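**Student:** Sequence, then structure. It's an experimental one.
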Amino acid sequence: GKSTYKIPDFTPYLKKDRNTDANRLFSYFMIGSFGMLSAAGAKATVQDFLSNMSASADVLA
Amino acid sequence: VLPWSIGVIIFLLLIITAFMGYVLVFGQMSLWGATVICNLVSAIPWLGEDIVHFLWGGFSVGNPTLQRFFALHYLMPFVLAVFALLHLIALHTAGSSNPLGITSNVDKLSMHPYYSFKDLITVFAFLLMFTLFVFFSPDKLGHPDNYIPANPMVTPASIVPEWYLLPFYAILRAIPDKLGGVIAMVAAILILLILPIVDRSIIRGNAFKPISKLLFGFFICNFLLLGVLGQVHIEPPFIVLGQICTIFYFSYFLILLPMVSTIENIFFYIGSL
Amino acid sequence: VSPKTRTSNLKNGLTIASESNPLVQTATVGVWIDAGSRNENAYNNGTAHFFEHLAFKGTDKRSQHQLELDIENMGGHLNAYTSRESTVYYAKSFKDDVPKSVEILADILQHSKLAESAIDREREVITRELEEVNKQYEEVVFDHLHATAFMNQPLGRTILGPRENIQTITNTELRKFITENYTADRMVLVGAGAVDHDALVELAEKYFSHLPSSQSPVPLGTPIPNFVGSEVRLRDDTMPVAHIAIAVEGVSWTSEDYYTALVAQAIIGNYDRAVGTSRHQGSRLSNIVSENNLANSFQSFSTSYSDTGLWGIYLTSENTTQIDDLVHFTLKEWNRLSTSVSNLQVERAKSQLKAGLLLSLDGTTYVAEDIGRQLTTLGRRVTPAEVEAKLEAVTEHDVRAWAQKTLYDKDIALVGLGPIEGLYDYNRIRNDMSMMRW
Amino acid sequence: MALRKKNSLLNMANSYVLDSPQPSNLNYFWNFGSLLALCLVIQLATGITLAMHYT
Amino acid sequence: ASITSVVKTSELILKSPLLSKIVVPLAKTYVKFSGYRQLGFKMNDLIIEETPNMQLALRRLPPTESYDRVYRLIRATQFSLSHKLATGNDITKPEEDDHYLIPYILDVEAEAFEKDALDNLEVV
Amino acid sequence: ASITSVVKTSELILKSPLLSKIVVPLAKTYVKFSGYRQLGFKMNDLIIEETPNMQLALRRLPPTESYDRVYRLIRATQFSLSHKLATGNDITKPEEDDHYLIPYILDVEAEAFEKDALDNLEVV
Amino acid sequence: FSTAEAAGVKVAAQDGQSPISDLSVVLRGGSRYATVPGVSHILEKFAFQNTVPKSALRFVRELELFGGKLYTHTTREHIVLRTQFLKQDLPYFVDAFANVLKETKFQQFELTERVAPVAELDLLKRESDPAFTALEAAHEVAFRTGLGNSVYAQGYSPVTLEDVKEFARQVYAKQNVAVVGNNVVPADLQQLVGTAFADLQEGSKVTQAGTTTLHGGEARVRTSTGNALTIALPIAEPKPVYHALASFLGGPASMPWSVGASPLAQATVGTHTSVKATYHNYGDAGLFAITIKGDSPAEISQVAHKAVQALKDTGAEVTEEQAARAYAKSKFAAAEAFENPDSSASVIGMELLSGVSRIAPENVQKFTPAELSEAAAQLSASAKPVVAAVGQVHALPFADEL
Ligand code: HEM
Ligand code: HEM
Ligand SMILES: CCCCCCCCCCCCO[C@@H]1O[C@H](CO)[C@@H](O[C@H]2O[C@H](CO)[C@@H](O)[C@H](O)[C@H]2O)[C@H](O)[C@H]1O
Ligand SMILES: CCCCCCCCCCCCO[C@@H]1O[C@H](CO)[C@@H](O[C@H]2O[C@H](CO)[C@@H](O)[C@H](O)[C@H]2O)[C@H](O)[C@H]1O
C-alpha cells in the first residue's frame, strides 16, 4: 500500500522447488514434446503433400 | 554487399523463370531443352535420378512436367519481384553508388524530377528497339524448331538453350565430367558472391584504374565468346577454345582481380608520393 | 610480505586479532560482531540499526555530551555500521590513544543507557531516514534486489525496517537484541596499524572480560535461503539515468566455488565512462559498451553471505532507447562464461585478482576491516599465500563448470529504476540467459 | 546494437513480428488476423499445387 | 586491403634500389593515365570512406583540410555530371597531390590492429 | 462528436425539469450497467485520446492528476488481461468518478472552434 | 622517506613490509603555474596517453596484467601521477613514467576525443557538491591569479593543443619532477630512476607569473543544484597555528548520529546543515575558510552568523581543555594525511621540489590558549574577508552583513 520493499504476496503461485533441475526439466519436457510433435507433424505434412509431385497413378499405369 | 548478394539470387530466379517459360510452347526446342537441362540433375550423387523423376512427375518430360512448369512459371515472377524489392530496400541504407566511386553525401539530387525525366529517355529508346523486333522482325531472336510440335522420337539437329544461357552452357561443356560440369556451371554464377572479397582495391570502381579497365574489357569479351561457343558444334578446334575461355572466366575472380587490384593499390600510393 | 596477523582468545571466547604496521602512526581498533539485521524477526526488524543510533546517545557513566567530549579529546573518531550479517564499531585514533578508544567502545557496547527519552527522540530521526535513502539510487536498487531475490525471508528484509516497527521499538526489545546477539563468542576485537597485540589483549581482559557467552557456541561465521527469480520495476520517467541490477544466486563465504565466482566476476569486470583508462580495458563487455555508448557505468559484483550470495551486475545508463542492447550484450557476455571462456580470459582475470585482493588493503581501516570480515565469516585470517594458491587452482574448466550450473539458463532477480520503458519484460530478459546456437 | 535492429531487412521483420509493441490485454478475438494469414498461406500452397494438375 | 598493408608494401619496394628503379616510373605513368588529377582530385580523395575506420579518420581531419576535401568532391561531381575535365588551376598538379589523409588512417588502423592483437594475448 | 457538443446537450437536458426527471435516472442506471467502475476507471479515462485536441488537454493535466490517470489505465489493463474485476478500494465509487479532464478539453476545443469561426470572418 | 638524487631528479622512498608499492611522480605544474586557465588539469588528464614507445591502449592492457592501478590529480601546486602495484613490478612502472615525461605524443584527436571530455566529466562531478564550488570561488576572489586560477578546465576558456604542449615542455623537465616511492626499497628506486630519467631535459623551474596578492570580496555563483557559503580569510603570513585553529573550530562530527562538541558543529544545531573549517597553506599565502552547505538558504544564513560569532568568541578566550583538544585533533589530522597516499605524495613532493621540510605528526606543535586566541583575533579583524555564496544567492548572506 506504501512500502515498496514489502513484496506483494506471491505465495498462491510460488513453487517451493523452483531452483531444482527437476523443476526446469519438467517444463523443458513439455516444450520438447511440443517440438517433437511439431517436427513429426511437419515431416508427415511435407512428405504427404510433396508426394503429389511424384508420378500419379495413371502415369504409373 | 547485401543488395549485390540478393541481386545474384534475382539473376538465378530470372534464369529459372525464363527456362520454364520457354518449355511452355511445347515445340521441339521446348521439349528437348527441358530434357537435357533437367537431366543435369541426374548428376547429383545417390538421389539424382530420383530427383529427376520427381521433377518430371514421370519418366520423361511430358504432360505432368508441362503443367507444373506452367504453375511455377506463373509464380516465379512474383518471387522475383519480391527479391527485386528486397535488393532496393537493402540498397537504401547506403544509397546508389556513382561513377566516380566517391561519397555523394556531399551533393544530392531528388530522384524526381531529375532521374524520372532522365529515365524517360531510355524508356523511349528501349521502346524503339522493342518496336523494331516485335513489329518488324518478331522471330529474329528465336529458333525455327520451336515451330515444330514436340516429338519425343525425333531429336533436333542441335539442342541449345536460348542465347542468354549460352555462356553457362559453354562452361558446362568445358568440364568432361557430368557432375564436374554441373558444379562449374553453378559456380560460374555463385562466384559473383566473392567479388566483395577478391577485389582488394582501396578505391571503389574502375573509372580511375587503367589496368582494371583493361582486365574488365577482356573479361566481358571472353564472356561473349563463351556465349558464341555455347552454340557451335562440339568439334575441333572449339572444344579446346571453350576450355581456355572457361579457365579465363574463373581466373578473373580467383587470380587476376586479386593480383591487379593489389598492384594498383601500390601504384596509386607510390605514384602520387 | 605483510606482517603476520596475531590472534588470541579470552576465557569468555572473545577473539583478539591484530596486525601491526610500524610505518604508520594511527591505529584502528574496533569490534566486529557476527550479528546483524538478519538476526531480527519480522516484529523487531530495524532493532539492530536502531541500537547503532542509541549506542552514541550516552552510557551509564558518560552522558551524550560527555561522550562527544571524550571522543573529541581523543583526537580521532568513532564509526559504526550495521549490515545484514555483520555489525562493526571502531575507533581510529593516534598510537597512544588506543587504551582510551578501547575503553569507550567497551562502554557503549556493554553499558549503554537506552533511555526512553532517547528512544523517542531517535524514533523521528530514523523515520526521516526512510524518506531520504530514496536519493541513493544504488542503495535503493540493491535493497529491492535483496527484497525480491530472498522474498519473505530474513535476508530479504531491509536494515532500517518498516515504519511500523520504528514507532514500536522499545528499550526492552533493544536490550533483548544486544543481550542475545552481542556475545563474546560472536565478537572479535581487532587492531590494525600502530597497535601492540599484547597490549590489546590486556585491554580486552580489562574491558571485555564480563561479556556474556552464548549457551551454544557455534564457530564464527556459522549461518535456508530459497532464491526467487523475480523482478521489481520502479519506473520513473523524470529521472535521466536508468539504474538496473541483474543477479543470480551466488556463493557463500565458505563455498568451494568462492574463488571461481570471483574470477568469473573479474572476466566481466567494471566500467565507468568518467575514468580515462576504461575505454581501453580488455573485457569484452567493456569494449561493447564503450564503443556503442550503451552505459555510463557497470559494476560486476559477487556478494557473499554465510549460506548464500548474489552474483550479478549493476548498470547505469542514460541511453534510454538502447537499454535493450545493453541488457542483451551483458547477458550474452555471461553466456560466454559457459560456452567460450578459455585460458585466455581466465589467466588474465587471475593476474588482475592476485594483485587486486592485496591492493584493496591500503590503510589501517581497510586492514582492520579485512581482519574483522575474515574472522567473522571464516573463523580465521587467510594468509596471502593461501589466497594465491586458491586463485591459482582456478582453471578454465572450473569457470565453465561453475557458469553452467550457476548462470546458464537460470532465473535472475532483476531490478530497474528510472526511465526503464525500454527494459523488456521478464521472459525476454531471462531468455538471454542461454544461447540457442549452443 | 543487436543485428535484428541494425540490419534494415531484419529490422523490418523485427518491427512486425518480434519487438512490435502490443497491448498487454488482447483477448482471443485478436487472434483472427494470424488465422487469416494462415488461411492465406494454406490457399497459396494448396492453390499453386492444384494449378500443377488442373487444366 | 588496409591502408596499413599498402603503405608497408610500398615501403619495402621503395627501400630495394632495383625494385624502386623499375616500380617508381611505372607508378608515375599509372597515375598519369589514371586521370583523377584531371577532375581536380587528390589521390586520397578516392579512398573508400564507408567504413568505421575511415569515418573516424575523416572526423580527425583538421577543419581546413576537411572543408577543402568537401569542395574537391563537389567540384569533381560537377565535372562528372557535365562530362567535362578540369582546366587551369582546377587540375591537380603533382606537387599538390599530398597524402593529407594517410597519417590519420594509419593511426586509426594502428589502434584497431593493436586492439585485435591484444584481444588475443595469452599470459605466459 | 466533440466534448463541447456532449456537454452543451447535457446542460439543455439538466435545465428542463421534465427532461431531467426522466433522463437523469436512466443515465445513472446506464452508468451502473456500463461497468467501467468495476475496472477502477473514472468515466473520463475512457475518452478517445488519439486526437490533437485531446493530446493537448492531457498535456495540460496537473502532474498528480496525470500520474493517477496512468496508474488507473495500467491497473485496468491488468484486470482486463487477467479477466478479473476490481474489488474493495479499486472499485470506483460514484463520489470518486470526477470529471477531471472535461475542463481542460473544453478549453482546448473552445479555442479550436473560435479559431475556425474567426478564419471565416467577413469584414462588414 | 630517504631523500636522494638520481641523475638530477629528486627521489624519496620509504621501504615497508607490504606486497603493495605506490610510486608517484610529483610535478611542479599545478594551477598556480598554469600558463593558460585549465592547462594543468588538461596536462594531468594527458598523462598515460599515447607515447612513442607505448600506446595508451597497450599501457592499459599491460597494467591489467600486473593488476596495477593509476591515480592522477591536480592541485594548486602540483600534478600528481600515482601508480599502485605489487613490489616486484617496480621497473615497469618507472619505465612507464619515463615514457610519459619524455615521449608523450600530444595528438589533437586525444585532446578532442579522450582528454578534454574526461576533464569535463571530472569537473562536473566535483561541482555536484556546492561546497566545492564555494571554496573554489573563494580562492578566486582572494587571490585573483596564481592561487586564484581555476584548478580545473572550464568550457568558457578552451585549452588548445599548443597550450598543453608548451606547458608540458616547461613542466616535464628534471627541475620540476620529484619521484616518491611508498613501500619501495630506496636504493633500488634510485638505480632505476637513474637509468630511466637520465635523458629527460633539465629545463628550468616553473614559476608563478607575478607575486601573490590578497584581495577581499564576494562571489555569487547562482546554481540550482544545492546551496553553500564559504567565509574565507586570506592570510599574508601562513603560520602553523591556523591548523590548530581549523581543527579546534572543527565542524564535522567525530561520532555517528551526533552533532559534535566543536564550536562550528554546535552552530548547526536545529538545522540540516554541515560546516567545516579548513586552512590552506600555499607557502607564501594562506587561506582560512569556513564552508557551510545545506538545503535551506535561511538555515545557511543562520549558521553563517553563528560561525563568525564563534570565531570572535575564540579570539576572546580559549580554555586549556580546548587548546589540548586542538592539539589532539590536529596531530591526528596530520597523521592521517601522511598516511593517505594522495596527500602523502604531495607533502614529500613539496619538501623535494621546494625546500619546506615536512612537519612529522609527532612534531606538531602544541599551541597555548594564548596563541590560539591571538590567531582567531587576527582573523576576526581581517581587512579582506571573502564570501562566496552558491545556490539561491539572493537568499544567502553578504560580506557586509557578516
Ligand atoms: C529484376 C531485376 C532487377 C531490377 C528490377 C533491379 C532494379 C534496380 C534498381 C532500380 C536499382 C537502383 C537504380 C540503378 O542503379 O540502376 C538497382 C541497383 C542495384 N542493383 Fe539491381 N535490379 C535487378 C537485378 C539486379 C541484379 C541481378 C543485380 C546483381 C547481380 C543487382 C544488383 C544491384 C546493385 C548492386 C545495385 C546498386 C548499384 C548502385 O547504385 O551502385 N540488381 N537495381
Ligand atoms: C485467397 C486465396 C484463395 C481462395 C479464397 C481460393 C478459393 C477457391 C475456391 C472457392 C475454389 C473452388 C474449390 C472447389 O470447390 O473445388 C478454388 C479452386 C481453385 N483454386 Fe483457389 N483460392 C485461392 C487461392 C488460389 C491460388 C493462389 C491458386 C494458385 C493457382 C489457386 C488455384 C485454384 C485452382 C487450380 C482451383 C480449381 C481446382 C479445384 O477446384 O480445386 N487458388 N479456389
Ligand atoms: C526437404 C524435405 C525433404 C524431401 C521431401 C521428400 C518428398 C517425398 C518423399 C516421400 C513421399 C512419398 O513417400 C511415400 O509417402 C507415402 C505417404 O505420403 C507413404 O505411403 C504410406 O501412406 C499412404 C497414406 O499416408 C498410403 O497410401 C500408403 O499405402 C502407405 O505406404 C510411403 O510409405 C512413402 O514411401
Ligand atoms: C509481417 C511479416 C514480417 C515482415 C515485415 C512486414 C514487411 C513490412 C515492413 C516494411 C514496412 C516498413 O516498416 C517500418 O519499419 C520501421 C523499421 O523496420 C519501423 O520503425 C519502428 O521500429 C524501429 C526499430 O525496430 C524504430 O527505428 C522506429 O522508431 C519504429 O517506428 C516502422 O514502424 C515500420 O512501419
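**Tutor:** Looks like it came in fine. Numbering: from 1, shown residues only, chains lettered A, B, ... in the order given. Ligands and ions are numbered 1, 2, ... in the order given.

**Student:** ok, the residue of the stretch 201-350 of chain C at minimum distance from ligand 3 to chain A distance?
**Tutor:** Proximity of the stretch 201-350 of chain C to ligand 3 (CB to the nearest ligand atom) peaks at residue C:339, 29.6 Å away. In short, each C-beta sits where N, CA and C put it, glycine included. Relative to chain A, residue C:339 is positioned 18 Å away (CB to the nearest CB, to the nearest Å).

**Student:** Which residue, other than its chain neighbours, is closest to that residue?
**Tutor:** Leaving aside its sequence neighbours, residue C:339 sits nearest to residue C:438 (CB to CB, 6 or more residues apart in numbering or on different chains; 4.7 Å).

**Student:** Residue C:332 is in contact with that neighbour, correct?
**Tutor:** No - Residue C:438 is beyond contact range of residue C:332, at 11.0 Å (criterion: CB atoms under 8 Å).

**Student:** so who does residue E:111 touch?
**Tutor:** Counting by CB atoms under 8 Å, 6 or more residues apart in numbering or on different chains, residue E:111 touches G:55, G:57.

**Student:** Tell me which helix or strand it sits in.
**Tutor:** Using DSSP states H and E, residue E:111 sits within helix E:102-118.

**Student:** Can you give me the neighbour number for whichever residue of the stretch 301-402 of chain G sits closest to chain C?
**Tutor:** Using CB to the nearest CB, residue G:328 is the residue of the stretch 301-402 of chain G that sits closest to chain C, at 3.3 Å. Using other CB atoms under 10 Å in any protein chain shown, residue G:328 is surrounded by 21 other residues.

**Student:** OK, contacts around it?
**Tutor:** Residue G:328 touches C:73-75, C:94, C:97, counting by CB under 8 Å, 6+ apart.

**Student:** Find the nearest non-adjacent residue to the residue nearest the centre of chain G, please.
**Tutor:** The centre of chain G sits closest to residue G:75, judged by CA atoms, centre = their mean, with a distance of 4.4 Å. Nearest non-adjacent residue to residue G:75, counting by CB to CB, 6+ apart: residue G:30, 4.8 Å away.

**Student:** how close does the residue lying closest to residue E:70 once chain neighbours are set aside get to residue D:55?
**Tutor:** Nearest residue to residue E:70 in three dimensions, chain neighbours excluded: residue B:106, at 5.5 Å (CB to CB, 6+ apart). Note on residue B:106: its distance to residue D:55, by CB to CB, to the nearest Å, is 60 Å.

**Student:** more crowded one of those two?
**Tutor:** Just comparing residue B:106 and residue D:55: by other CB under 10 Å the higher neighbour count belongs to residue B:106, 14 against 6.

**Student:** Quick check: phi and psi at that one.
**Tutor:** Main-chain dihedrals, residue B:106, degrees, to the nearest 10: phi -80, psi -20.

**Student:** what's the burial count for the residue nearest to residue C:339?
**Tutor:** The number of residues packed near residue C:438 is 10, by other CB under 10 Å.

**Student:** Figure out the helix or strand that it lives in.
**Tutor:** Secondary structure from DSSP H and E places residue C:438 outside every helix and strand.

**Student:** circling back to that earlier point, can you list the buried residues in the helix holding residue E:111?
**Tutor:** Neighbour counts over helix E:102-118 (16 or more other CB atoms under 10 Å in any protein chain shown) mark E:102, E:104-109, E:111, E:115, E:118 as buried.

**Student:** just curious, which of those residues is nearest to chain G?
**Tutor:** Using CB to the nearest CB, the buried residues of helix E:102-118 come closest to chain G at residue E:118, 4.7 Å.

**Student:** Pull the contacting residues for that closest one.
**Tutor:** Each residue near residue E:118 by CB under 8 Å, 6+ apart is listed here: C:282, G:57-58, G:61.

**Student:** Would you check how far apart the nearest residue to residue G:334 once chain neighbours are set aside and residue C:102 are?
**Tutor:** Spatial nearest neighbour of residue G:334, excluding adjacent residues (CB to CB, 6+ apart): residue G:361 at 4.0 Å. In this view, residue G:361 and residue C:102 are 21 Å apart by CB to CB.
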